[PDB]
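Notes follow the structure.
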Amino acid sequence: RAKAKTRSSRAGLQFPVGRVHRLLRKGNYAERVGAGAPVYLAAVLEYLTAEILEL
DNA sequence: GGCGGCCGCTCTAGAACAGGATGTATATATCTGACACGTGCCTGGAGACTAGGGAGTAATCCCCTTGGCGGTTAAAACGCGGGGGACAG
């Protein structure tokens, strides 16, 4: 058990990658969910959130 | 001596302009009520591991869309007549 580092900090992001991945897994959406799919989804949500909050 | 033309005078009205009216834009005074910080957890994701399976890639194949023609008659396009309707009033 090494140091617990979240995937959001490794990707330079604030939205939770793990919570997005868990909601994709338990959302009965697909049999498999890739590694980059929650990162891409969280990045898109972060960009949309930042743009909407800035406006 | 009578009459058309010309210019001044007064009447009338469109419109720029200033003053009153009332519902909002602000300047504090103060309430106030959620906002975010702190704390205490604790419950879900991450490091690490096991295993395997569906796609990355290579090969084939056969298939089906693109280019590329004449032909020919359906039709786009130009134009004349005109006709009923969009819109100003």
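Identifiers for the structure tokens are assigned positionally: chains receive A, B, ... in sequence, residues are indexed from 1 per chain, and ligands are indexed from 1 in the order shown.
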Report the residues of chain A whose backbone DSSP state falls under helix (DSSP H, G or I), written as a PyMOL selection string.
-> chain A and resi 7-10+17-25+36-54
Show me a table, sorted first by chain and then by increasing residue number, of the residues of chain A having an atom at most 12 Å from chain B, each with its shortest atom pair and the distance in Å to one decimal, counting only C-alpha atoms (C1' of nucleotides) and written as a tab-separated table.
```
residue	atom	partner	partner_atom	distance
A:1	CA	B:47	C1'	5.1
A:2	CA	B:47	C1'	5.5
A:3	CA	B:47	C1'	7.5
A:4	CA	B:46	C1'	5.6
A:5	CA	B:46	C1'	6.8
A:6	CA	B:46	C1'	7.0
A:7	CA	B:46	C1'	8.6
A:8	CA	B:45	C1'	11.5
A:16	CA	B:45	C1'	9.8
A:17	CA	B:45	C1'	9.4
A:18	CA	B:45	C1'	6.0
A:19	CA	B:45	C1'	7.9
A:20	CA	B:45	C1'	10.9
A:21	CA	B:45	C1'	9.7
A:22	CA	B:45	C1'	8.9
A:23	CA	B:44	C1'	12.0
A:31	CA	B:54	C1'	11.2
A:32	CA	B:54	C1'	10.2
```
Can those selected residues be exported to a file as a PDB file, in the first residue's frame so that it contains C-alpha atoms?
```
ATOM      1  CA  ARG A   1       0.000   0.000   0.000  1.00  0.00           C
ATOM      2  CA  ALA A   2       1.765   3.101  -1.319  1.00  0.00           C
ATOM      3  CA  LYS A   3       0.633   6.728  -1.047  1.00  0.00           C
ATOM      4  CA  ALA A   4      -3.000   7.193  -2.099  1.00  0.00           C
ATOM      5  CA  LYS A   5      -2.994   9.746  -4.927  1.00  0.00           C
ATOM      6  CA  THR A   6      -6.244  10.561  -6.712  1.00  0.00           C
ATOM      7  CA  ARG A   7      -6.425  10.405 -10.503  1.00  0.00           C
ATOM      8  CA  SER A   8      -7.744  13.987 -10.574  1.00  0.00           C
ATOM      9  CA  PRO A  16     -13.408  13.271  -9.254  1.00  0.00           C
ATOM     10  CA  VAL A  17     -12.247  10.684 -11.777  1.00  0.00           C
ATOM     11  CA  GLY A  18     -13.063   7.806  -9.427  1.00  0.00           C
ATOM     12  CA  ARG A  19     -16.641   8.906  -8.744  1.00  0.00           C
ATOM     13  CA  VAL A  20     -17.244   9.322 -12.494  1.00  0.00           C
ATOM     14  CA  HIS A  21     -15.795   5.841 -13.079  1.00  0.00           C
ATOM     15  CA  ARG A  22     -17.991   4.349 -10.337  1.00  0.00           C
ATOM     16  CA  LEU A  23     -21.121   6.012 -11.737  1.00  0.00           C
ATOM     17  CA  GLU A  31     -19.772  -4.112 -19.772  1.00  0.00           C
ATOM     18  CA  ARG A  32     -16.342  -2.440 -19.685  1.00  0.00           C
TER      19      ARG A  32
END
```
Quick one: everything within 8 Å of stretch 44-53 of chain A, counting only C-alpha atoms (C1' of nucleotides), minus sequence neighbours fewer than 5 positions away in the same chain. Send it as a ChimeraX atom specification.
-> /A:13-15
Write the residues you've just listed into a file as a PDB file, in the first residue's frame, and include N, CA, C and O atoms for each of them.
```pdb
ATOM      1  N   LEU A  13      -6.668  17.917 -12.485  1.00  0.00           N
ATOM      2  CA  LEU A  13      -8.105  18.129 -12.548  1.00  0.00           C
ATOM      3  C   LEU A  13      -8.678  18.226 -11.141  1.00  0.00           C
ATOM      4  O   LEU A  13      -8.086  17.754 -10.169  1.00  0.00           O
ATOM      5  N   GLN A  14      -9.849  18.857 -11.046  1.00  0.00           N
ATOM      6  CA  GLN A  14     -10.557  18.990  -9.780  1.00  0.00           C
ATOM      7  C   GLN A  14     -11.766  18.072  -9.666  1.00  0.00           C
ATOM      8  O   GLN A  14     -12.145  17.705  -8.549  1.00  0.00           O
ATOM      9  N   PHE A  15     -12.380  17.701 -10.786  1.00  0.00           N
ATOM     10  CA  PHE A  15     -13.524  16.803 -10.743  1.00  0.00           C
ATOM     11  C   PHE A  15     -13.064  15.381 -10.424  1.00  0.00           C
ATOM     12  O   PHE A  15     -11.982  14.969 -10.853  1.00  0.00           O
TER      13      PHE A  15
END
```
